[PDB]
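Okay, here we've got a single chain as structure tokens, the form deposited in one PDB entry, with questions on binding and movement later.
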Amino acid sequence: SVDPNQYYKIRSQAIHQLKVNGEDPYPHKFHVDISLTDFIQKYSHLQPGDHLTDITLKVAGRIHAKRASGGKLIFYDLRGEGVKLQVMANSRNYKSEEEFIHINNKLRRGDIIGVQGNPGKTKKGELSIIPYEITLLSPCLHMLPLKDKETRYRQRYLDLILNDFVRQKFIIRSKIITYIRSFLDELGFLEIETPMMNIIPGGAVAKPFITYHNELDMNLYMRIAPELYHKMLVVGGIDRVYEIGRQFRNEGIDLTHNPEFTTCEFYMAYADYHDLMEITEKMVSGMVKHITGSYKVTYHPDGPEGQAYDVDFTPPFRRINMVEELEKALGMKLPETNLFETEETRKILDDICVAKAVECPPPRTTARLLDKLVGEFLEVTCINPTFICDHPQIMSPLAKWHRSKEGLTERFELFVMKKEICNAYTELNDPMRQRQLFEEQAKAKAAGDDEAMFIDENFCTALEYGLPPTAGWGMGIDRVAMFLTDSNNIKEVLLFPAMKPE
């Protein structure tokens, strides 16, 4: 048995000699007549022993096995597109005996080859192609083995070659995105692109990446959300806009966070958050039914040997109000919602966290304590899709104030399998109120909150030209893909996930 580095060195020398001899081991064009998939669909009815001499076809793929059965006969296990096809290299059937001997000497497991041959089926019932001629298209210079998660992510190409289920997760991911586009296109939304480099990042509470433009001699930030730009287009008269695109957040990596991820955001003039709850139910349950075939999905959050959950996407989804549900979950009344700005509320919330052992790193502000208490006591009860509604204004600096509950806003988040999938609200369109909330945010930054929003004057000026009553919405695409591919790790649904180095 040879050694993988010794093998690489021998196979490199062999391919070099092919070059110096003029054997052209990286040819320019091979014309494929038919895919492997259609070859199987056309010919897998044949009878054992058959050999259709009147049909000549060219296929191509990757050798996954080379098994010899004699001096005149060699079997190649050809793979591609998710399927297999046996090449039955028989000397009698080949272009010549001299050329037959030579091509079989050349080929190894892993090479890309083109086969020109006839359909057939072995005595043992295996569908095959019987070649007149095989062409080496691209030799594989390394030894092919994949279970350990680290190698699959650093070398996704090996993962795709060896693990058929991986291609399917990314087909599902592609179907998610394509469904969303045609859902919103049908509603009249315009698909738009807005800057990913901003003088001032905003649209979310997140830590941004910073970079530098040499010619303009200015710092820029990668966007954390396109929200501010979308609301400026609504001011401009484009009543329905959406964007599926990459966001960037300088935050830690875990099972549901990657530093670059994909969201869909859309904005709808003359709608409120109640309208968006209906659209969300309709879109999300529709997507799940279209992709999986049912409203029910089985999710394994601790891998396959762990506990199974049945998540039920039948609309209408359950709704819970944040502050009232938290009171029921803690067993104690909280301050009146108009007192959430005060230091007494902050300390009251602080004490509750201490008593209930809910950790919260500094700064221990009212908004961050409430977040920690929600995740601990509410979010973990959201197995099926659940709307969590009416967030305190102090957590929602871009959301319009609630119609009848002072201190709250017209906001919702959708949770599925205890994880946040959507964030939405009636948009704050009062520019003076928006400017006050920015000033609060910039104070929360000066007082230790790495993720608090910057003041965006240019955005406040836009609101001064008149933003119609509007409602916007954001969905984390990667996370949806997780829950439709039974992946408990976001790295399963990212082709090349962010990794620590060597």
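Start at 1 with the first residue shown and count on from there. Each form is matched to the other, and the largest set of C-alpha atoms that superpose within 1.5 Å is called the rigid core.
Participant: Is it true that at least a third of the other compared entries have no coordinates for residue 70?
Facilitator: Across the other compared entries, residue 70 is absent from none.
Participant: Thinking of the other compared PDB entries, is residue 448 one of those residues unmodelled in at least a third of them?
Facilitator: In at least a third of the comparable entries (those modelling both sides of it), residue 448 has no coordinates.
Participant: Counting only residues from the deposited sequence, how many are left out of the model between residue 145 and residue 146 (none, 1 to 3, 4 to 9, 10 or more)?
Facilitator: In the deposited sequence, 4 to 9 residues between these two have no coordinates.
Participant: Tell me which stretch, 351-359 or 393-401, has the higher mean Cα B-factor listed in the entry.
Facilitator: The entry gives the higher C-alpha B-factor average to 351-359.
Participant: With reference to the PDB entry, specify whether the mean Cα temperature factor is higher for 133-141 or for 269-277.
Facilitator: Going by the record's values, the stretch with the higher mean is 133-141.
Participant: Of 181, 223, 121, 282, which one's C-alpha B factor is largest in the deposited record?
Facilitator: Reading the PDB entry, the winner on C-alpha B-factor is 121.
Participant: Between 212, 425, 94, 170, where does the Cα B-factor run highest in the record?
Facilitator: Of 212, 425, 94, 170, 94 has the highest C-alpha B-factor.
Participant: Name the third of the chain's ranked CA B-factors that contains residue 307, choosing lowest, middle or highest.
Facilitator: For residue 307, the deposited C-alpha B-factor lands in the highest third.
Participant: If you rank the chain by CA B-factor, which third does residue 48 end up in: lowest, middle or highest?
Facilitator: CA B-factor rank for residue 48: highest third.
Participant: Comparing against every modelled residue in the chain, figure out the third that the C-alpha B-factor of residue 411 lands in (lowest, middle or highest).
Facilitator: As the PDB entry reports it, the C-alpha B-factor of residue 411 lands in the lowest third of its chain.
Participant: Among the chain's modelled residues, which third holds the C-alpha B-factor of residue 379?
Facilitator: Answer is middle: the recorded C-alpha B-factor places it there.
Participant: Thinking about Cα B factors across the chain, which third does residue 366 belong to?
Facilitator: Middle third by C-alpha B-factor.
Not on display, but discussed next: the form deposited in another entry.
Participant: If you fit the rigid core between this form and the one not shown, which of 197, 238, 352, 172 ends up with a C-alpha shift of 2 Å or more?
Facilitator: The only residue crossing the 2 Å threshold is 352.
Participant: For residue 363, is the CA shift between this form and the one not shown at least 2 Å following rigid-core superposition?
Facilitator: Yes, residue 363 moves 2 Å or more.
Participant: If the two forms are fitted on the core, does residue 188 show a Cα displacement reaching 2 angstroms between this form and the one not shown?
Facilitator: No: residue 188 shifts by under 2 Å between this form and the one not shown.
Participant: Would you say residue 151 moves between this form and the one not shown, meaning its CA shifts by 2 Å or more once the core is fitted?
Facilitator: The answer is no, as the C-alpha of residue 151 shifts between this form and the one not shown by less than 2 Å after core alignment.
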